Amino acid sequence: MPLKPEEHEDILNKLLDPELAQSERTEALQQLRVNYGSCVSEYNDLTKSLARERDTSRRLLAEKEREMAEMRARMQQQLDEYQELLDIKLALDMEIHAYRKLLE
């Protein structure tokens, strides 16, 4: 996490202050440089992590899409099962009628 702009200013003031000792001036300069570098690292990290979460979210959805596709196939299978039984149950309805007429 980078310094808030208020804080980065306090460091610039010190750095740009000819009243403070050149040892403090130099320490400030370092903090400036490190805090900047830090912010740039966070930039690179978060840009990579955003892209990463994107590819990951999309990948995980595609897992659920193929899971759903698996379910649809099972669903069409239960239709084939249901149809097979139905064609026979109907055939038996026809039959039981014929035997009821013939024998009554």
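Residue indices: 1-based, along the sequence shown.
Higher mean CA B-factor, judged across 18-26 and 77-85 from the recorded values: 18-26. The entry lists a Cα temperature factor for residue 50 that places it in the middle third of the chain's modelled residues. When the CA B factors of the chain's modelled residues are split into thirds, the value for residue 42 lands in the lowest one.
For residue 59, the recorded CA temperature factor ranks within the highest third of the chain's modelled residues.
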